[PDB]
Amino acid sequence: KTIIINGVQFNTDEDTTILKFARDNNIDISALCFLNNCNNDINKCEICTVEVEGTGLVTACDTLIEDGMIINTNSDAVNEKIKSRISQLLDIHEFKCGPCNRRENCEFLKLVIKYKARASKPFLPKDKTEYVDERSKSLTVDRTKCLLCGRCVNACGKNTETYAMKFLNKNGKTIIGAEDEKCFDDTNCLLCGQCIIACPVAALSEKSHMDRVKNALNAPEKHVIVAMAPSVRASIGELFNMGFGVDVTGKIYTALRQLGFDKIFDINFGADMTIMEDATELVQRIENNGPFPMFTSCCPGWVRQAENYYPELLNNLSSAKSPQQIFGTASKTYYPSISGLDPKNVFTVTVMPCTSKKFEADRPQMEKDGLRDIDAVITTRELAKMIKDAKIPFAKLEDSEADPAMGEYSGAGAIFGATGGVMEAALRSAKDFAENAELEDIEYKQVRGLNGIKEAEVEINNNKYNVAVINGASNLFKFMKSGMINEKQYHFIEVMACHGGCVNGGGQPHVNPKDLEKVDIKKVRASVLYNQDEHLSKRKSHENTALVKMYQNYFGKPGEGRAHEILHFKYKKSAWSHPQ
């Protein structure tokens, strides 16, 4: 068929939208509510407006190309309409970018500047309390910034299929929010933060723990430990104009030291701990030929999904604490034992790519003798904001190392941040354990990648076992509802709530749709972790020298005794009750 766009003739066979065809051919068309191959069907934003001869103004984002179409994307009428839409949005938008947390990477401000739009009447509510919801331990809503674009709703539907984010009718006005406008924590919401990642403005954000960290740092008697998740070192550079896929581990260590933290550890050490415990548990279930299957329990989003939809599986989840919580528990017990610090004066902070980790850290029972395992969790974005507010020249910093007592990590722990990393590491350790060997073939590429559901057969002690990696909460729903769990006997199943793994976490740096279309952020971010694992000498969790010392001199045998007593956390279904 033949297409004419801005006077240029194309002869094509594709069956696609005007927007996608124009972007494939370097023709600029604006867009806002279109994301994840979906737009806001009920109140289209119409910023992708184009003129089609014989039809009039159409939305390029959901209008398929067809033979004989003559399109104009830059006429005075088209730009007039788009600017009118942006002005109408500003009419409901508190346009005060100074203190806004999306000041530096906001799609809406970009469009406003592009079209020189201005509100017909400035939106200036002087009682913001009715527009804000800070009840959640993980999420926060600021509806003075909400464009009602629907990208959060669509993203929740696609990534989790829970539809916990919904359009609501509050006092005859349309808002976005949780079921019955409740606190997200009190619903089936997973707190995964994918809605945040899909928001083009500062309407949805993470629950800030920055004041916690500041107060702890400024308290004279507090010894503030900091430890970052695997994915942080593969991601934060994006917010300092360093590009995608840049390993900035040493820069992060140096920046953390410059921010005043008293000890620089690493959550990958806790990942090696979790692998110790989980591989021991798996080898035991194997030698006992049950119980099966065993689910990972390190992803709090998947933990909430199980609690809210599949309580019958809670008993099959590993009792090992997640890397964050296991690290914190050890930080309040073993670390004082090798340092002399009063355990009550230790304040443990984690840097996570995740908003659900905030909920996990504040679980009432995630403490001991009155000491929280983890006292504060800040997202990648939060750490970036802290670094910039301190005017630390991150991109120019020299590399430093972490304190090794709880900062060393193997490649097994290094790849935790990618989908299938936990399973690969656990297999690396479990095969050696069960066969009492030091096997050299350790790479399990079969469980890697962005496939939603990845199954594999593995040979351990010359018996065959079936493992599955569930990559995304929606894929968990598909795996369960489909009956796939019953096609064969599964023995060890990894589950991540965020497709691609923690590298695509809800607390990660925002990426504009164009950059997303030109870069596979999931793959490029996981590339850093897999390279680290490639170039590490210790690639099995149980080879971590610092962790081996910790277990030999303090915790003892993993999976039992003091180790099980302190480093484990068993989820349990709620007892039968009536009514509900």
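Numbers follow the displayed sequence, beginning with 1.
As the entry records it, the average C-alpha temperature factor is higher for 233 to 241, out of 233 to 241 and 191 to 199. Relative to one another, 117 to 125 and 350 to 358 have unequal mean CA B-factors, and 117 to 125 is the one with the higher figure.
Across the options 176, 384, 283, 147, the residue with the most elevated CA B-factor in the record is 283.
The residue among 107, 307, 272, 443 whose C-alpha atom has the highest B-factor in the PDB entry is 443. When the modelled residues of the chain are ordered by C-alpha B-factor, residue 42 sits in the highest third. Ranked within its chain, residue 563 lands in the highest third, by CA B factor from the PDB record. For residue 51, the recorded CA temperature factor ranks within the lowest third of the chain's modelled residues.
Per the PDB record, residue ranking by Cα B-factor puts residue 503 in the lowest third of the chain. Residue 314 sits in the highest third of its chain by CA B factor, as recorded in the PDB entry.
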